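First comes one chain, alone, set out as structure tokens in the form deposited in one PDB entry.
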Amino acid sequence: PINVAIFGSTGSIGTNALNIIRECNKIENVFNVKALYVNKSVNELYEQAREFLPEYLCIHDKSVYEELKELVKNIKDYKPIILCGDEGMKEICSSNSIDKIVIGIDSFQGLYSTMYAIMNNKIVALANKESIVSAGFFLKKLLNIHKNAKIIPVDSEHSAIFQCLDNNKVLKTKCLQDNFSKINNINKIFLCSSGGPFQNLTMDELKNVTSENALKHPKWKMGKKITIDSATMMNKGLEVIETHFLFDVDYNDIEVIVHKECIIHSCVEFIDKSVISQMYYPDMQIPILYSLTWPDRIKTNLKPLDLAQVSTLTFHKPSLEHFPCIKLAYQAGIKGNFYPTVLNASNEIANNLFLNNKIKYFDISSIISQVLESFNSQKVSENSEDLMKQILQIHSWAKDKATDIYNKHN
């Protein structure tokens, strides 16, 4: 019986996490939701609290901690440990009652809970990709110290890849570890992309796209930031780096392929040239579930895949001219050092600027290129505590520099 915490429960991933847990529990109860944790949204956390009755509840924002303790008074015969800020986060990671922790907090901020989840030797079902991009070697170093901790990828493409693996080999190693690809006989990765809503546009049309065109008609509603990254393909850019770290695959062995129906979620070519891929409808229910039940699988009543209903599956290379964020991500990843940190930090700004209609589409890649060009490699700190500080200083600097380039231009 699997004890699970959901970090970022009110968001897209968190909501989807509880949905599949709920649905699986109907068939046979095997999950216990032990904790939930959010930033600002008090009401919805309360609603989730009544449904799942988690032993722990927590909220980052101090100033709604009163406004919440209050609301949880209405549940009868229910006394939860109710906590606040990073301190609550740390306490939940400490609990000897929680086995597995889902990381559905967005952006750079997801790194802190991921960091502590590892420190506490937990299974970490990680959807937050920014943490891996900004801090992969830090996470590697940290996973090396804490032998029993594990990152199980929830990002759908990375879930797919992980599912294509013979667990006979995976079990001899773990994600984000040198030699993962050699132990798993991995030769190369096809990293599938939906292509986003802007895929068939001319350069001219592209120049003019807006924040609004990007958010429109979600297959399922994702957080605003990933949705924008999907649209610039910076999301695939980030996922390239994430692949390199998770599975120790060289950048030259990672191929981005646009596959608009999103049925094949990614493919692994093995050293004999046999390719294995994972398929399902565009959905996060399966990656989340698998990360919670690995190395096993359990029954669900999800809609079965129907290949004849899908009928056609297509594959084409992305245009680097239309989607330059991809190139930038490869450049940054191949240079290594802290360039991924800079890539990620400057995108966060340019993503928000475009989101709030502050900048045009090609200004996104323009900002990110200028910031990367302005960065200079630093000696990688030796101990974990110093490395973290260094990551933080570089992250804030790249953010400031991005804001700065925008300011110095209107």
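All residue numbers are counted from 1 along the displayed sequence. Each form is matched to the other, and the largest set of C-alpha atoms that superpose within 1.5 Å is called the rigid core.
- Modelling of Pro282 is complete across the other compared entries in which both of its neighbours are modelled; not even a third of them leave it out.
- For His217, the record comparison shows coordinates absent in at least a third of the other entries of this protein that model its neighbours.
- The mean Cα B-factor in the deposited entry runs higher for 46-54 than for the other of 340-348 and 46-54.
- Judged by mean Cα B factor in the deposited record, 134-142 ranks above the other of 134-142 and 256-264.
- Looking only at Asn39, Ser377, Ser366, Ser374, the residue with the top Cα B factor in the deposited structure is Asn39.
- In this entry, the residue among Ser156, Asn96, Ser277, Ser311 with the greatest C-alpha B factor is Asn96.
- Among the modelled residues of its chain, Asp250 has a C-alpha B-factor that falls in the lowest third, as given in the PDB entry.
- In this PDB entry, the Cα temperature factor of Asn187 sits in the bottom third of its chain's modelled residues, the lowest group.
- For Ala329, the recorded CA temperature factor ranks within the lowest third of the chain's modelled residues.
- Per the PDB record, residue ranking by Cα B-factor puts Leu307 in the lowest third of the chain.
- Among all modelled residues in this chain, the alpha-carbon of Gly104 has a temperature factor (C-alpha) in the middle third.
The form deposited in another entry is left out here; the points below concern that form.
- When the two forms are overlaid on the rigid core, CA displacement between the shown form and the other one of 2 Å or more is confined, within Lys299, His217, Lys303, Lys79, to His217.
- After superposition on the rigid core, the Cα atom of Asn167 is displaced by less than 2 Å between the shown form and the other one.
- Relative to the superposed core, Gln109 shifts its CA atom by 2 Å or more between the shown form and the other one.
- Shown in the overlay between the shown form and the other one, fitted on the rigid core, is a CA shift at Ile27 of 2 Å or greater.
- In that other deposited form, the Cα-Cα separation between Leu18 and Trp220 grows by 3 Å or more relative to the displayed conformation.
- The pair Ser193 and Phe108 separates in that other deposited form: their C-alpha atoms are at least 3 Å more distant from each other than in the form depicted.
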